[PDB]
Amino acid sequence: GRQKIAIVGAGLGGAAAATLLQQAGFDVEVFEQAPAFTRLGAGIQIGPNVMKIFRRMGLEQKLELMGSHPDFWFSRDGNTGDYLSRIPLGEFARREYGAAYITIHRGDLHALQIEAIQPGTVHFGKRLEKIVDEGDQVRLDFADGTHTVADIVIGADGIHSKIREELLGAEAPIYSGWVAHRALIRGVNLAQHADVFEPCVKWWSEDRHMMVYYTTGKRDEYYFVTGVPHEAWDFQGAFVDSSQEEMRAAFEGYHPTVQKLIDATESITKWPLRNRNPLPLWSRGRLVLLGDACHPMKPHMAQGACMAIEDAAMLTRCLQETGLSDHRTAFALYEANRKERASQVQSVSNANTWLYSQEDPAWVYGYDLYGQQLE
């Protein structure tokens, strides 16, 4: 008796799903390949639509205390500093969308999310190598020679998803012609230029950009992440070190505020971004996918983790409707209730002009996931 869910991947999507599903009364364990838990030294942006999901988890208030609450998102021209858009966030967002827009330290958010999972149910050092849906249950084999069995398996295992591979076979090669540079800035370097350093700003030019925001309400730590054309990635790491000289050449011509940020860094890392992504895969048999395993996308709108967390919330609602004994109905309802919004996000990402002009972002931030009728 008593049915079991195995989740592969303890990233933001897998850890959200584990929390929501356990809080709903399901029996859930999580299997993560990393040998240890790492707090990523990076920021992340979380819109009101996802703060409403952290609310269900009991984490919204804590995240509000930890994060920065920008009053606006500014899009600015990279060369001139002209204001291309002034998107109201802050108290306007709280009233209009029903929750805060925050920017926050991603590693600390991630730790808080894993700490909401029942102790004894998250297993590190478990890299899935083989999975077989035997028809009435699924067996999972890990690289350390252990295994586990479950009634359904959630593929929360990211763009390199092994669940996706077991279903579709080996994915065609995808190359990388662009990178994201990442840096955290603190210090007198930050204090010296605090008057010109706005809380949430995207600096744009013809073929590249730099996004910048604070990670905490103290505004003592300032983060940037870029998107920049780059030669094909052939390094073994998921990242490599970059340098100020690299960044200053890539951002030649940008406004003095951006040059000040580059000069203020101590350590920059570079991350490969894929040129292409496959079409969504939602479920097959006893396997269901969420987040970057399901609908990998270019990072143009920076809503990927938010979409993974929305997936987790909607999947939980659908399993609450059907129970685990009727997983095929749940998995069908999940896809039916997510695919159009995922497709709108895809189409707007393709245009790559999100908040470049003074547009109304309500369709993203005002979305009411728990209000949607599953039908």
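From 1 onward, residues are counted along the sequence shown.
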Looking only at C-alpha temperature factors in the entry, 133-141 or 222-230, the higher average sits in 133-141
Higher avg CA temperature factor (244-252 vs 98-106, as deposited) belongs to 244-252
For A156, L281, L184, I159, the deposited C-alpha B-factor is largest at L184
Of the residues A302, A116, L289, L89, the one whose Cα carries the largest B-factor in the deposited record is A302
Of the three thirds of Cα B-factor ranks in this chain, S325 occupies the highest
On the chain's distribution of Cα B-factors, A170 falls within the third called highest
Of the three thirds of the chain ranked by Cα temperature factor, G67 occupies the middle
By the entry's values, the third containing the CA B factor of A42 is the middle
Split the chain's modelled residues into thirds by Cα B-factor; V8 lands in the lowest
